[PDB]
Every structure is written in C-alpha cells, then in structure tokens.
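Undergrad: sequence? don't have it. structure:
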C-alpha cells in the first residue's frame, strides 16, 4: 500500500464531510490492500513497472486478463479518489440517514451551481469547460446524471481528446506532445480503461480472424461462399471500421482529467442505498480543481491558435 | 446624379449577407496517364 | 468551380467511359472553356465541335441517362462564347426535349 | 367565413346510391387490339415490326374474345348507408 | 400552453383508463409521485400547489419553476435510459430488433 | 465601402488611360501590384490595354 | 367536490384540440396526444373515452378530437407513431446543438439582466399581438395600448423633466431613447410577465446534453452510422444536396464527392434500396422543425482511389492573412484619391 | 433493367425536415392528399379575406382579375370562399370597374 498512498488520506481518520473513519477504511484502504494482495499473487514479476505501462503493454489476451483486471481497477480507484479533498457539510456519522423520500426528492442542478474552478482561479479550465459543455450547469448535471445512472461498479471520467499527429510513432517530441482538441465525458464499467488507443478494434480483429478460420473450414470442406458470407460480413466490417474511424493517424486517444467512483462499496457504508445522490453531490463539492487544471493538457496550438 | 444617392440608401436598407462559396484549382492534366 | 484559361497543346486523349463514365463530365467541362492555340480546333471548322457532337448525337448506344445538366450548360457556354445563337437555341431545345429539368 | 359551410339534408326515407360506379379493371386483350391497330396506322398496314403484337392478340383472342372472367365487382355502399343512416343523420330526438 | 410549448410531449403515450381515483395521496411539494407518471399534469399540479400555498405571485412564476424542475427530472430519466442500454451492451446483452430496423422492415 | 476587385481595377485603369496620364497610370499599376495581394490581379489584359 | 375531481380526471388532462385528424400539409411535430389501452382493456373495447371503440381496431394506440359528436361517433384515428419517431431519434442519439441561440432553454440563467438589444422593436411586436386583422384586431389592440399610455402620460412628463432637462433643451434623440427605456421598465412592471407560446427548446423531442460519448466493446464510438433511404434520385434542383429518410426524419444528405452508380442504375426507384448515413449534426428551426445533416457512406474498399475528381466542399476563404489589413476602402480610397491628384 | 423514368403524378416528394411515417410511401397517401387538396396558399395570400374593403379596389383591374374567369364572369361564392358581404361588395366593384372601362 506504500506504493499507492496519498497525502490527503490517512489511516484511522475521517474525511471532511465525506467519509467516516470506518467509511474511509472500508472504501479505500481495504480495497487497495486486497487489490495489491491479489495483483502481486498473480504473475506480475515486473512490479517495478508503472501501472499505466503495465496496462498498455499487457492487454488483448484472455490468458493474461486478470492482471489487467486488477491493475485497471487499482488505477481507476487511485485516480477517482485522488481529486477528493473534503467539504464543508456535516460528517456522515452525525448526518441522519436518508429514506425512501430521497427518490421523490427533486434535484436542483437545473437552478444552482457550486465549487466553480474560477473561484480557485482556473480560468483556463473554466474557458475549456464552457467551450466544451456550454455551461457549468450542463457539465454538473451531465456528470451527476451519468454517475447516478451507472448501476454496476464503474466510473465517470472527464476525458480530453488528443489527436495523434501523422507519424510512424516517433517519441520524444517535447512542447507538442500533449495537445487536446475537445473535452468529453465518458463511462467505464468494471475494468474499463479510458484511453481507447489500446482498445479500439479488438472486436474487429476477432471478427477478421473468425471469418478467416471459417473460410479455411469452408475450403477444406469443399463449400462455396454465399451471398451473406460475402455481403453481411463486409457490411459488419465496414460499419465497425467507420465507427472506429476517428482519424487517419492512429485515430484519437483520451487523456483522463477526473474520475468519480460509482461502486456501491464506496458509498453504501455511510449513505445507505438512497444516499447515492447525496454522495455524488458531496463528491462534487469536494473536488480540488488544482489537480484537474494541472492535468489539463495544452490545446492544439497547431492550426487552432494558428488560425491560418 | 441621383443614382449614387439611391444606391447608397439601398445599401443602407439592405444587409450585406456575405455568401459562402466553394472553389479550388483544377488542371486538365489530371486525367492524362 | 475554377477552370484553366487556355492551352497550347493537342486535345487530351479521350478516356474510357463504359466502366468509368464520371470522367466524361469533367473532360467536357474543361474542354468547353479550354481555348487551344496549337490545333485551333475550337473554332467553327475545328475538331472539338465534331468530337463533342459525335458523342452527344446518339446519346450513347443504350445508356442514354449517363448524362447530366452540366454538359448541356457547358455546351451552351461554348456556343455562346463562339457567337452561335442558333447553336445555343438548338441545345436548349433538345435539352428541354430530353426531359431534364 | 372561416371555413366552408356545412349543408344538412332533411329527414329522408332512405340513403341510397342509385347506380354505384366500380373501379373496373382494364383489359389487356382490348389494349393489345388497340395498340396493334394503332401500330398498323402508324407504320403502314400489316406492320412487320408489330408481328409480336399480332401474336399477343392472337393468344388473347384464341378463346372467348373478352378473355376470361374471374368475378364481377360491385360496391356495398348501399348496405353500409342503410345500416348507418339512422345513426349518423343527426335527427332530433324522437 | 404546456402542450403548445412542448408538442413532442404529446408523443409520450397517456393511458386514459382510471384506477381508483379516490386512492391518491399526493404531496405536491415534489413533482415525483408514486402511482402516476411524469407528465404535464405533474407540472400543472405543482403550479397550483405553489399558487395555493403562496410561495409565488402570479401564475407564470409558479409555472416557470415547475417546468424548470420538469426539465431536470426528464434529463435524469433519459440519461438513465441511455446509460442502462450502454451497460447491457457492454456486458453482452443482445437485441433481436431495434426501432430503426423495425421501421425499415415496415 | 465595398472591396476593390480585379474587374473593377481594369475598369478604372481603362477609364483613366483615356486621358493618357502615363505617370499616374504607372503608379496606379504599381500600387495595385504591391497591395491587394490576395486579389487575383495583374492580368495580361491590363498590359494589353496599355 | 365533483367538479374538483373532474378537473383532475384523466380526460381533462388532454388539452382541447380540434386540429384536423387527416392533414396533408407539411408536418414538423406531433399534433395530438396518443391515447393507449392495455391488452386487457382492449379485449373489452375500453379506452377510457365516452364510447367503446369498435372491435376491428386491433391497435393499442389512437388519437382523437371529440368524445362524442352529433353523428353518434367518436372522431378518432387508430394511429400514433410519433412515439416511434422519437424513440428512433433517441436511438440515433445525436444531441441537438443550440446554434446561434445561446443559453439552452432547459436551464435557468442570470444573463437576462443583460438586456440591451433594440427593445423598441420587441415592444412594437408585443403591442401588435393580434396580428390577424390590420384594420380591426391590431387597431383595437393599438387603441387599448393608446388608452394605457395616455393614462401613463403624466408620470413620464415629470420623470423626464426631473432627470434630463438637458436633453429637452437640446432636443436630441436621447429623448426618444428615454421614451423607449421608460416604456421598457413600465413593461417590466406587473401584468407584463406574460405567457409565451413559442416553441422553447427541443419541444420534448429529446433531453440531451452535447458532450457525452458512446462506448462500445470495439472502443469508444467516434461516428454514428444508421440506415436510411434516398427519396429523390437527383439532388434538389438548384441545390447540391439530396434528401434522405433516416429514422422518420428527412435529412439533408451530402455525397462523398461522387454519387454511387447505384443511383444511375436504379433511377427514380432508388427508394427501394437502403443505404448507410452518418449524422454530422442536428439543429432546430423557429418553425419547430428539426434540420439534420447526414453524409452518405459508400464503401470504397476494393475500389479506385477516386482520382480524376474535383473538390466540392473546400473553402477558398482561408485568407486570414488577407483579413489582417482593413481592405475596407477606408484607407485604400485615400490612397486612390492621392493617385487621382497625381501621387 | 426495365423502364427507368416516371412522372411526378404518383411519387411523393417528402419535404426536408418534415417528420414522416412508413404509410407515407404507400399509394394511399397520394389518393389522400389528392382528395384533401385544399388551396390554403390562397387563404393566406388573398387580400379580400384579409379584411380590406373589396369596393376599395374598383380602380385595380389587376387585383380584380384574380376573382373572375378567363371570359370575365364572376365565380360563385362556393368557389371564391368569400363572405356574403365581401362577395357582394366585390361583385359591385367589379361591375363598376366594367362600367368605367378600366377593366
């Protein structure tokens, strides 16, 4: 757990208005301990490697999929919990538990706003958010709605689209590497990874191999291809590629900037079941925008601030 | 002599409404091969 | 669409259109506004007029609908430029006869 | 004059269409005869090109000239009117 | 007024067969009520609750407040629909027919 | 207050040369060349006029 | 009591409507409320209306205008498919972008206080509410407004003479500007918040925010491909785009620099076949219509590199370098006048 | 292939942006709209039904000619659609115009 600790959180302490002592323990420390235990139990002799590098290098293989499972879960929890700092509201242990009336209670995202980055002085982030989602109210409503909608263990991310320049994967290009185009919001489930550059095309390649092997079976059995065999497969392949056709050059990747956890393990301890909305609202109030503004990469100066 | 006044007032009461046009160079030699 | 002012060479070769017809429109479009100084074939006694008329005469063997309005537009432009009101009149008449709006 | 006025009939002994017109189907055999004779007129008597049309008419008038009869169609509007007139006429309550 | 401000709200079907109209206990402090859908009638009843309990003045204020709550609730609902569909397709649910292809068949 | 065009420019120079101001015409052509770079000016018919 | 109940009854919830059930003009949004029945009630011919719908209506949905009529029949139509059009649009899942118009209606803002835009024209519009009959309807509305403003005459008098007598003694247009401002605030007063019928937002077509991504097992989705049809074999006359049927909506379709030879082969019968379309954008119009742009997808796999072809969509306005100078004749005219003088 | 060109009499041209249903493609839609073909453009653009006095136009043969046949006869009210008062005033104006000789 030493390799995955953080300054903000401490052992045997509650967070400001977000988690009790028991809540913080069972949410973060138990999870990280279990994940570390099982990940090291599995074949991960190259533990010294970073988690991101491990995920990128090891993937697209069912034989080595539990490694990706556990590493991705650990990274997701790390990033999602990093941004939290604390809120002004009363601690949950003293706050009364909610009941069935919570569902009937009407949200106020349509009429209120709080915890704006401009207050902390991230005018850059504010401009990006306004240009991307229209308004902070749009952004807040989208985040909370999506995270409350996702039922199973998952996360909601503020991603930034990075358009890969036309190249043969030549590394070490400073001052031009991290350039984003637009900000988006994404959902991931279980072990989903919001990068998309090591993820796009998996099903397409599986389908290609499957159709090739079916063709071998047909040839060795002396069969003849059919109308569907030549048209339906072609159409499926075409739609797959076109859907995953973001750009000619290595498509487009996503840079994480923020993540919120929707796993019931995170919030049922101190909010029951009816309190998922309250947990999300307090999470919103408990974002330190300095971290996200630091993580926000440069905009695509090329042609965009060039305007020529 | 009144043509200038009339066209100026017509401009005043009529919006510019710059249109959108699409053009690029073309050369006959493209289809020689 | 932008076109070339004129040329100082022979007429470009005619490409095939049975398999690849879409080049006919571009070829005629550029030719209509191309003025040739080498062969001087764009005048009343030149070969350009006969070259385009031998293709516009039967409207292909069977694939009559291969053509569009732009070819007639450019032909009328050419005849206009060469001061043939009668020619432009006939192109308009047969264009309307073919039914294309 | 927002919309055209609506005209009401008085109490009527019966609602009935005297002769109902039916969408009669065109008969290809007479169509063939007509087009063959028109072809003769257009391209001279006994036009060699329309020998095919001559054969089609041959086939369609080999047996009974009219062709064949499957069913005779006429409308049921008189029945439906007789059934719904009392309901839809909107007469004053008895 | 509501249905000529939101015509497509007419496209959301409404059942006109009653069921124990005397067994309704609605506190219109909140538009969500158990046993009834989220329709324009909810907006209307919220508006008249606001007027009756005198939290607003003229009717347009209460109607504006009710419609701005309605928008939030509808936003939540549609986002839930899309997210649930994406979850199911993530985890392997398979659909025989979709609306677009049903329309194509017709 | 409408931008100058190539055809407008040949029009104006054709009008000017009727009075035969050689120096003014030369200066006008030079200024039209140095400015209005975006505009597709400097056409051979302009020379033909002279 | 009984009237109080009837007010809340479900029949009362349907707004009064008498628009034609059979309508042939352009249709842009639903005109009637869909009334449905459960299978159990349909088996017993119960729909909730006054009359029992006949037996041959085997559909569970309908629309209607009158509960009963003089002809002892219920004016209804066993129809209702706008629900399906809305659901298909939701499937397409392309959020509506608020072009030109800012400040998405479904959200409250504090920007309205920033109201400085030729308010006199808006006030003229509001006065001329009864736009039906110029000599009668607008005339009587104008007379009502005239009586009101005659009544309000005196207060403006004192307010102006107290505030800006300088504008009075200099007889400037600030006077009329002040008239506009005064009547503006008098219209901000009570009995003026008013009710607006104008179509706000999507009108219930969809409640979506632009910015969220669609995630698929093959990776996050980048482009939406949906089936459609081609209505007209030839693009609209005078226009460079075709019209396509996509999920119940007619969309303006662009071509990838070449119409497929299938168009020439099928001719006017092109509606028979189905094609694939990619929805670039979806937007609204003041008339409530939804204008959506699509691009046809012809698979170029195992095809030519589309050489010997022109560029149809390409801006020649990529001249911000030329934009940098004025090019407004303000100084070019000065230079040309100097030329006229001889320099 | 087969016959490849068809007229506009029986092919519905859907306007852009309009919402549609599958039934619109059927042959029934063409019959329905030919049956309910009502000229509401005339309703919108007619000066007389706007509210103006028909007698005010007695010196406008161009305007009045839109309410007469080719030969010069006046259409019945069932055709014109005007109110009784408007029809009487319009015919009065037309007949006058004829007397003066402008029409």
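TA: Sure, I can see it. Numbering: from 1, shown residues only, chains lettered A, B, ... in the order given.
Undergrad: Now chain E against chain H: closest residue?
TA: residue E:106 (4.4 Å; CB to the nearest CB). Heads up, the C-betas are built off the backbone N, CA and C, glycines and all.
Undergrad: Any idea how many residues pack against that residue?
TA: 11 (other CB atoms under 10 Å in any protein chain shown).
Undergrad: With residue A:21 instead?
TA: The number of residues packed near residue A:21 is 14, by other CB under 10 Å.
Undergrad: Excluding residues flanking it in the chain, which one is nearest it?
TA: Leaving aside its sequence neighbours, residue A:21 sits nearest to residue A:14 (CB to CB, 6 or more residues apart in numbering or on different chains; 4.9 Å).
Undergrad: So the one you found is in contact with residue A:93, correct?
TA: Yes. With contact defined as CB atoms under 8 Å, residue A:14 and residue A:93 form a contacting pair (7.3 Å).
Undergrad: okay, and the common contacts of the two?
TA: Common contact partners of residue A:14 and residue A:93 (CB atoms under 8 Å, 6 or more residues apart in numbering or on different chains): residue A:20.
Undergrad: With neighbour numbers in mind, choose between those two.
TA: Neighbour comparison, residue A:14 and residue A:93: the larger count goes to residue A:14, with 19 against 12 (by other CB under 10 Å).
Undergrad: next one: phi and psi at the more buried one?
TA: phi -90, psi 160 (degrees, to the nearest 10).
Undergrad: quick one, what contacts it?
TA: A:20-21, A:23-24, A:91, A:93.
Undergrad: Residue D:21 too?
TA: residue D:75.
Undergrad: Just confirm it is within a strand.
TA: No. Using DSSP: H, G, I helix; E, B strand; the rest coil, the assignment for residue D:21 is coil, not a strand.
Undergrad: Can you tell me which residues in chain H are near chain D?
TA: H:49, H:78, H:81-83, H:86 (CB under 8 Å from any CB of the partner chain).
Undergrad: could the residues you listed be laid out in a markdown table, adding neighbour count and distance to chain C?
TA: What follows is the residues of chain H next to chain D, written out as a markdown table (neighbours: other CB atoms under 10 Å in any protein chain shown; distance: CB to the nearest CB, whole Å):
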| residue | neighbour count | distance to chain C |
| --- | --- | --- |
| H:49 | 17 | 34 |
| H:78 | 8 | 36 |
| H:81 | 18 | 33 |
| H:82 | 20 | 37 |
| H:83 | 15 | 41 |
| H:86 | 21 | 39 |
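Undergrad: May I ask which two of the residues you listed are separated the most?
TA: The distance between the two most remote of those (CB to CB) is 14.9 Å, for H:49 and H:78.
Undergrad: from the residues of chain H next to chain D, which is closest to residue C:16?
TA: Of the residues of chain H next to chain D, the one sitting nearest to residue C:16 (CB to CB) turns out to be residue H:81, at 61.5 Å.
Undergrad: Contacts only, for the residue nearest to that closest one when sequence neighbours are not counted.
TA: In this structure, residue H:81 finds its nearest non-sequential neighbour in residue D:1, 6.5 Å apart by CB to CB, 6+ apart. With contact taken as CB under 8 Å, 6+ apart, residue D:1 is in contact with H:49, H:81-83, H:86.
Undergrad: any chance you could read off phi and psi for residue A:179?
TA: Backbone phi and psi, for residue A:179 under degrees, to the nearest 10, turn out to be phi -130, psi 120.
Undergrad: Once you drop chain neighbours, what's closest to it?
TA: residue A:300 (4.4 Å).
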